[PDB]
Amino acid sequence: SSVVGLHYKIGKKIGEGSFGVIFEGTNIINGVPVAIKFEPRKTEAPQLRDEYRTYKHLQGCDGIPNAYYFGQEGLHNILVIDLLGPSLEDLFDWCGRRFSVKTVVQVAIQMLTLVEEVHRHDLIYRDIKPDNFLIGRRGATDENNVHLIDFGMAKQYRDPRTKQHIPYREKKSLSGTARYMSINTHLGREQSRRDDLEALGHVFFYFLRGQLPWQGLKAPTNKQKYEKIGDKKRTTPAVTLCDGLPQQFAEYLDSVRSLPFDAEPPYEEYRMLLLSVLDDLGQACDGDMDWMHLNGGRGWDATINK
């Protein structure tokens, strides 16, 4: 039927997830807009059900959408969650592939808070990239706030009751996105909370610079290319990444790269560190974001941008 999960009318296709595609849709009881992701039920790698459990585990966290429904529909499983807006990668593109210092600080502290909340619920995220952080919808209270989706790579890093941390191990697969992943991930080491925060540091520099110096590397195989990228990360000092930029961002990357494997990161310290950038620069943390000035002040538009 045109309606799935009893209550959700399917609309146009808005994206593609890992395995199936993503549609927008409407709750036919209240009109609330939703995103609906499909996954072939007889598929080699199952993740949608785990994503639902993660969303329910995270229910109530600011910036994490509600999950309303999971179930089997024909040959597929579906997951229905709140509908969101463009990703930070989309908006970065539309803004000319550079964000102002102010926008980067402001998104950075929201991203730190989001990852902190994931960590507080005993999970590491393991797939940090601008494409998985989405803003809200036009006209909504959370229109320009940062949200986090796609929990397919998330994993428990500690026991929920005892808080015993998982053991360090090596020889893990290079699952993740090479542009942003931590050095430890390149080396096949078990990921922990520090690796999510290091990937954030890479993303911050990407937004500030417009690129990272390990983009555009070539090699005959994906494995060798990931290795050259890891090699460049290991040999590029954070103050070199930070040339001409507020040095708080170098201090941040160096600090999170230094964290012990099982250590609890000082999240609020990091947020205060990046906030001091705005103090230095005589700026306010007032919510004004670069993408809000697109298209004459209208914001991003499906015709000119998307």
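In case it trips you up, residue 1 is the first one in the sequence shown, and so on.
Between 81-89 and 181-189, it is 181-189 that carries the larger average Cα temperature factor according to the deposited entry. On average the C-alpha atoms of 57-65 have higher B-factors than those of the other stretch, with 248-256 and 57-65 being the two compared. Residue set 108, 166, 149, 229: peak C-alpha B-factor at 166 (per PDB entry).
Within the selection 103, 215, 141, 113, the deposited Cα B-factor values reach their highest point at 141.
Ranked within its chain, residue 292 lands in the lowest third, by CA B factor from the PDB record. Ranked within its chain, residue 75 lands in the highest third, by CA B factor from the PDB record. Sorting the modelled residues of the chain by their CA temperature factor places residue 38 in the highest third. When the modelled residues of the chain are ordered by C-alpha B-factor, residue 158 sits in the highest third.
Residue-level temperature factors show residue 47 in the highest third of its chain, judged at the C-alpha atom.
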